[PDB]
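First, one chain by itself: the form deposited in one PDB entry, in structure tokens.
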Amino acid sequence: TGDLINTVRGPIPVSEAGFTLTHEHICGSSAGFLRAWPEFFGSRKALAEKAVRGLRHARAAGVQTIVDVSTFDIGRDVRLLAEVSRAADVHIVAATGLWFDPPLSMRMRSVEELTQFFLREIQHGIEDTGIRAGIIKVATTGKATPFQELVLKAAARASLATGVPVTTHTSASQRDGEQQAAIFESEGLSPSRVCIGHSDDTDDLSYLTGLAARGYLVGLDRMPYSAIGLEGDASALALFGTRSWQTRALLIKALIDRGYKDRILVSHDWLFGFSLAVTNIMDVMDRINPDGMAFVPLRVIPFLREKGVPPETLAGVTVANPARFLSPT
């Protein structure tokens, strides 16, 4: 009680976050895209409605909070987030940082400047809204680019200054987490303030246990993603992989079995709109996982219980871990 986290509708007690999905999206897009070309999504109204329906479904399944890790370059639209959050009655935590699609205007900035931008979004508010970011999202896709190194350093600096956690995108097969950790540690950031994302994209437990042993959160955040049965579709295969949801889920058990229950964060990396991919992908995704953001509570959690994970352990993963991670520290 009494620690607070910022959401798109304002501050909430940490204890109110409850069952929380720590890596999600309302819309995966680009800065200004939804504004310039809402028809891409049928309409802004249609997108919002679809999002409210999905969130209501998640809520019925027990989800109380989502962390929307859409950055400026993922086309994050805080007004949209606030609208859908209110209508679905689900908390949404907004993000700052930068993903792997930064425009030149960001790419040309110094580490000091980036830090100031991240700080603005956390401390003051996003755009002209007063809506403050509750998390910092950063990314590599293999070995960090020089700009990416700066971005990670700025993220560490903003976090140390505000207590807001850092969360990442990785090319998990390339073990990006090791480099990301090295950079964060070089800045003095505690591993406990950091989640190494898309970790379920790999079955290399040496890599994963290695991070966990050091105190990192391991983000198992792509639970619904599989191209199994549609390798006909090349975009889907590259995007979704050939591993099943069960294989991904088994990683959660694997880590618990290895003593790392307190270090796990679980999510879908789902969305309700998606312009970051060729046009048909959203439909394909909807066909594969109609449960959307209810998939983890509906399918993953019962799978785990059936494999013998205790309910209290599962509560700790879905409730306690997100609460510790989010609470500014």
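Residue numbers here begin at 1 and follow the sequence given.
Another form exists, solved in complex with a small molecule; not displayed. Remarks below refer to it.
In the deposited bound form, at least one heavy atom of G28 sits within 4.5 Å of a heavy atom of the small molecule. Residue contact with the small molecule in the deposited bound form: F295 places no heavy atom within 4.5 Å of it. Within this chain, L239 lines the site of the small molecule in the deposited bound form, having a heavy atom no more than 4.5 Å away. Taking the partner from elsewhere, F72 is found to have every heavy atom lying beyond 4.5 Å of the small molecule in the deposited bound form.
Only one of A61, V52, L276, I288 comes within 4.5 Å of the small molecule in the deposited bound form through a heavy atom, and that residue is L276. Put simply, of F117, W245, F100, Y207 only one has a heavy atom within 4.5 Å of the small molecule in the deposited bound form, and it is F100. Only one listed stretch (182-190, 156-164, 219-227, 109-117) carries heavy atoms within 4.5 Å of the small molecule in the deposited bound form, and that stretch is 219-227.
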